[PDB]
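Before any questions on how it binds or moves, here is one chain, the form deposited in one PDB entry, in structure tokens.
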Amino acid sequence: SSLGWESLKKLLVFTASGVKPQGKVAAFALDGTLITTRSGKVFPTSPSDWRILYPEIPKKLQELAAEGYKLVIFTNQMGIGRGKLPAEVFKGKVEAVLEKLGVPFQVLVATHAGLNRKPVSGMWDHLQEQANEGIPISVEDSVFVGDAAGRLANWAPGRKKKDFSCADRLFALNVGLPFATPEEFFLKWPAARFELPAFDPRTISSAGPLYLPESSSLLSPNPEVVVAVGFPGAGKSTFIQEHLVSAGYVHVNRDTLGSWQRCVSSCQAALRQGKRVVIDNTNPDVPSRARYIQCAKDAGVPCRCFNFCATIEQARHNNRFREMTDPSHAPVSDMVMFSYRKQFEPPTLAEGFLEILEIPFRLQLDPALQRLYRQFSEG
């Protein structure tokens, strides 16, 4: 009898009869890799809407098992976490697929966004640390096979669409696994052309200066207004807390003050009191920023802009990292991200700023969290 299903926080694991721990793994995505629709539709019409993708598949799997590879599936199924796909039904579909494939598999299912969702390596770490009886797995001798491979359109007849995702290729990259597409692997087709995301989080450094120009000072001894600018999730608020509010700057958040009449009133009152003020908002465009410049000008104090360099990709990456690691994080919607980008006009001295400091996007974190930060986290 099979050890069967285990249900964890944001993970399902199935261990078939005959699964043995091994020092090397041949791992597979499920949908689009081992199976596709029987119906010939892009998306399955029922739980039973599947067939084995290529008849070459079972033979390769038998060869792999005979060579000592532990056969494993790593499948994203966020429809389960979203409530659109019942777990108990998906479990049944998997068991039927495994029956048809005719070999013992261990299956890991990422039901939610976060640490377990490919390309993040959570499922690999669960396999290694919890589900392989303490046997170290040689990543160099293993392989991951999947269809979310970032391929350009037309790698084969009837593939006018590029891959929906690069999550499978990126999962392999994060873990250090050799990677192949189903057609490369099962069919021995030549390598398909693919693209990787433009932002590579492995390139993120703690290095470099905190701000530029370095000859400048983050603080002023006299009243002033600092206007922060940068994507939400860029880490503006954390920076502003650490360096300005800790130094006694009055924190101004337009969102929470109600009107402008009140935001500018707050600013003006702080300035009369001999205080320095920081505007901690996205402030993407000239009109957003002009209200604070005018406030400063009226009070006769300098206005400076702190321009956070994070790109949209870096911001979204940071947002996903914080969602996975920080229980106080307010998740930023893609709606607000792309909205900001639409509105963004870079700050210039012409608007009326005394100076503009650039704040490079830099790695802030426990060593483990640093390893996690350098993982691609979206396909």
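From 1 onward, residues are counted along the sequence shown. By rigid core we mean the largest C-alpha set that fits within 1.5 Å across both forms.
In what follows, reference is made to the form deposited in another entry, a form of this protein that is not presented.
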item: Displaced position between this form and the one not shown, chosen from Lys91, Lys275, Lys100, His112 (C-alpha, 2 Å or more, rigid core); value: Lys275
item: After fitting the core, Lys59 CA displacement of 2 Å or more between this form and the one not shown; value: no
item: Post core alignment: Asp147 C-alpha displaced by 2 Å or more between this form and the one not shown; value: no
item: Core-aligned C-alpha movement of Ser215 between this form and the one not shown reaching 2 Å; value: yes
